[PDB]
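FYI the Cβ positions are ideal-geometry reconstructions off the backbone, even for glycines, and counts take in every protein chain you see. Derivation of every value follows stated rules applied to the coordinates shown; laboratory data play no part.
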Amino acid sequence: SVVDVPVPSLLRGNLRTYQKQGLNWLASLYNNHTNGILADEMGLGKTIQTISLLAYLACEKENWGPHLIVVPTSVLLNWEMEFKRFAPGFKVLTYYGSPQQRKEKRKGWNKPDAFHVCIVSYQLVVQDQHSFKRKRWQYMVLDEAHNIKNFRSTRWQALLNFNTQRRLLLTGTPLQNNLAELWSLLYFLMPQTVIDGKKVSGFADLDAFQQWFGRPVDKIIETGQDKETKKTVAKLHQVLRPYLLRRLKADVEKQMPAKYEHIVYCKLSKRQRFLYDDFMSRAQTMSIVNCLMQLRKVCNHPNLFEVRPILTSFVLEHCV
Amino acid sequence: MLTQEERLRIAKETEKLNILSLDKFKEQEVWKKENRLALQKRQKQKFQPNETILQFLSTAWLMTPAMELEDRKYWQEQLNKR
Amino acid sequence: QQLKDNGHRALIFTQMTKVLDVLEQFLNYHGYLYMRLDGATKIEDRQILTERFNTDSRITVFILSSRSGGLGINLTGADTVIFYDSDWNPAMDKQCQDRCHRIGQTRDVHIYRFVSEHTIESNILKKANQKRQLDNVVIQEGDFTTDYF
Amino acid sequence: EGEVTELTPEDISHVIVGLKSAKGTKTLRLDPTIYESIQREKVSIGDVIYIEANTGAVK
DNA sequence: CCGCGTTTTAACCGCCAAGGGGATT
DNA sequence: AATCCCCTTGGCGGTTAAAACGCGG
Ligand SMILES: Nc1ncnc2c1ncn2[C@@H]1O[C@H](COP(=O)(O)OP(=O)(O)OP(O)(O)=S)[C@@H](O)[C@H]1O
Ligand SMILES: [Mg+2]
């Protein structure tokens, strides 16, 4: 329903055609007044797509408002430098250093147009949320969404109630472990909203999502490939379609070389067999998970418990 | 509320300052990498300073009949000097 | 031995530092030139040693910690990766492969996973590829800005 | 046990050896018998040794 | 004496897995 | 009287916030 938007006049670079396609998709997402999840593969330049989106919003519209970027520290420095390289048109504030230096970076920050975008860190904002919460954010971007993949984690709780117009997640893959991560990301994009004292929900709840979706997916994973199964997976695909975005590396990167997978089964040794049997016998009746970790340590190497002794002579204290 | 034209002017000033910072960063990075390479080279050059050195060399030497004749002539001249 | 004979350079990915120490002892007995990356590595030291491994062609085996791979770094110079033990999170193994198989690579890579027969490692591998099956059903369905066919 | 970082005779004299490991470093003073054992093992800086205190064996 | 500029590090958060409580209908 | 949130624990990897710090003057 959209087309290639004009390249920003303030964008200093040469994006690829598919980069422009992603930029158009994000532009459509913002113009739809909605939020979305980026799930494109690594190396494609999710940082580049984010800076391109910022440039588009600034250039076409008046969308130059304060924007929040949260990144892990090393990737934070890399992001800041890459932001300088691609689109230096925004006076970027780098949150960094000792708390005194943090206060110094803060001084006089409320003056309009003193900064255009701020880059912060996940644990840094987890500690210093009380400072940031006061001002709303025009456009929020969440790099490395796998860091907030846990709904239980205090990071998700701290970042959940933030006041912003539109938000964007960046992840290589939204589902590392289970459907719970998927729900956490989705509901982070579309949480409950309050208007005139009412409770309005954007998405369903975690228990609601798992009840209405996960059990059919549990049946899916129970047995490989059943009209109900196909209907359920199609329903999941169609509900996930409007908010996801992912380009596979295979088709876009046609110059990639091949890959092969190999499996080798290694037999146990006598010491390993004895230690494994003893630990399993002790664990049959204590806690069970610590015993599982000990069994894995047996499987790794027997030296993790006791090394073979360095035999040496007994020493008498004093001769007769 | 500053207008979009004044906004673009401020953005251009920011672009100029950012270009300055970027070239400074590039120079710093080049300096760091070159210094690391120089330190590695200095580590590789660990030897006695300004001392006399005795060297023993053995190598395969190519020969031609003209060179053999020249060597024989040198031997004959040395014998004549004797 | 086969990898060194074929001229390939191997990458060892493990889960705990004690296995790193045991592997270091083993390959020191066998005389393989190597370098090790651990969690305690400093950021500048991490980058410098990554560059050293990429440039130097005399170190056949390079040892990583699988968990530390969450912060990715370019390691295009590899030619084969060996997984000494498996992890519960398949995305961690995916990014570990990414460290060796990424954009700019021009050599075909091989994946080796080590498991112990009739033990728990089979269960870990089952959990890993079951999660990968769930990942496949959620990913493989086309959503790359197209619906026509 | 550790990597030798110093071999300084105290002057048949005691030797002051500095052992480094992955968790810490330590400097010790060894009796002349241990010094003779180290001397005949051709231990230099950068070597890794193994001194058993009870028996005075150096490997 | 007091920071300048510094390095190290203690201490806490995410794992990440299979049960196992003990509060709720 | 049958089910959810936290427990329950090894070894991992980040990652700020004091400890303890030459030195400059
Ligand atoms: N259009 C482009 N022009 C120039 N360089 C580009 C372009 N697109 C991408 N790049 C380069 O590709 C990289 C993109 O940034 P990255 O952060 O490495 O990508 P990425 O999406 O973050 O991959 P991951 O998921 O972080 S491993 C940078 O090194 C850019 O210089
Ligand atoms: Mg990234």
Query raised in the report: Residues in segment A:119-157 near a label at A:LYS61, defined as backbone nitrogen under 13 Å from the 7 Å Cα→Cβ point?
Result: A:138-140
Query raised in the report: If r is the Cβ-Cβ distance from A:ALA204 to A:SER1 and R0 is 22 Å, what FRET efficiency results, to the nearest 0.05?
Result: 0.25
Report summary line: tail above 19 Å in the computed P(r) of segment A:1-131, as % of all Cα-Cα pairs, reads 53 percent
Query - Largest to smallest principal axis extent of the C-alpha atoms in segment A:140-202, angstrom - result: 38, 21, 18
Report summary line: Expressed to one decimal in nm², the mean projection of the alpha carbon convex hull of chain D is 3.7 nm²
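Return an integer: the convex hull volume of the alpha-carbon atoms of segment C:1-80, in Å³ per residue.
Cα convex hull per residue, to the nearest whole number: 90 Å³.
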Query raised in the report: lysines within cross-link reach of B:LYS41: Cα-Cα under 25 Å, excluding same-chain residues under 8 positions apart?
Result: B:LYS26, B:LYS32, B:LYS33, C:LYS42
Query - Tail fraction, Cα-Cα pairs, segment A:261-320, threshold 14 Å, whole percent - result: 67 percent
Report summary line: Note: segment A:174-248 at 25 °C, 0.890 mPa s; Kirkwood Rh on alpha carbon pairs; Stokes-Einstein D in µm²/s works out to 177 µm²/s
Requested in this report: Give the Cα extents of segment A:1-48 along the principal axes, in whole Å, largest first.
Outcome: 27, 26, 17
Report task. With 25 Å as the limit, write out which pairs from A:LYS267/C:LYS4; A:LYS249/B:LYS12; A:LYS199/A:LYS219; A:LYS267/D:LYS23; A:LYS91/A:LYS133; C:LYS4/D:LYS42 have Cα-Cα distances beyond it, or answer none. Result -> A:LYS249/B:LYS12; A:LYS199/A:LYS219; A:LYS267/D:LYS23; C:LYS4/D:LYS42
Requested in this report: With the Cα gyration tensor of chain C in hand, convert its eigenvalues to equivalent ellipsoid semi-axes via √(5λ) and list them largest first in whole Å.
Outcome: 28, 20, 15
Report summary line: proj_area_mean for chain A (convex hull on C-alpha atoms), units nm², value 30.0 nm²
Requested in this report: Given a cut-off of 28 Å, name the pairs among A:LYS46/A:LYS230; A:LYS135/B:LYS24; A:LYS61/A:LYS149; A:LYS84/A:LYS111 whose C-alpha atoms lie farther apart than that in the structure shown.
Outcome: A:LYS46/A:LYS230; A:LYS135/B:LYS24; A:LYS61/A:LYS149
Query - Two-decimal ratio, segment C:98-149, of alpha-carbon radius of gyration to 2.2 N^0.38 Å - result: 1.64
Report task. Going by C-beta contacts inside 10 Å, put A:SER281, C:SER86 in order with the fewest on the left. Result -> A:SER281, C:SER86
Query raised in the report: Say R0 is 30 Å: what FRET efficiency, to the nearest 0.05, do D:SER44 and A:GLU306 get from their beta-carbon distance?
Result: 0.40
Requested in this report: Report the percentage of all Cα-Cα pairs in the protein assembly as shown whose separation exceeds 35 Å, rounded to a whole percent.
Outcome: 57 percent
**Report entry** chain B: radius of gyration over Cα atoms, expressed as a fraction of 2.2 N^0.38 Å
**Finding:** 2.88
Report summary line: One finds the C-alpha centres of segment C:44-98 and segment A:1-33 to be spaced, in Å, by 34 Å
Query raised in the report: Any idea how far apart A:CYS291 and A:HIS33 come out in nm if each label point goes 7 Å out from Cα toward Cβ?
Result: 6.0 nm
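What ranking do A:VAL298, C:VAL137 get, fewest neighbouring Cβ atoms within 10 angstrom at the top?
In increasing order of surrounding Cβ atoms, one gets C:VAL137, A:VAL298.
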**Report entry** Cα-derived Rg to Rh of segment A:81-222, Kirkwood definition
**Finding:** 1.03
Query - Theoretical ellipticity at 222 nm over chain C - DSSP helices of four or more residues, -39500 (n - 2.57) apiece, nearest 500 - result: -13000 deg cm²/dmol
Query raised in the report: Distance from the Cα centre of chain D to that of segment A:59-113, in angstrom?
Result: 55 Å
Requested in this report: Sorted from largest down, give the three principal axis spans of the alpha carbons of segment A:198-320, whole angstrom values.
Outcome: 92, 49, 36
Report task. Just rank B:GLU5, D:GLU36, fewest to most, by other beta-carbon atoms within 10 angstrom. Result -> B:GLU5, D:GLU36
Query - Exposed chymotrypsin sites (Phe, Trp or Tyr not before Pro) absent: longest stretch of chain B, with sites in DSSP loops and at most 11 other Cβ within 10 Å deemed exposed - result: B:1-46
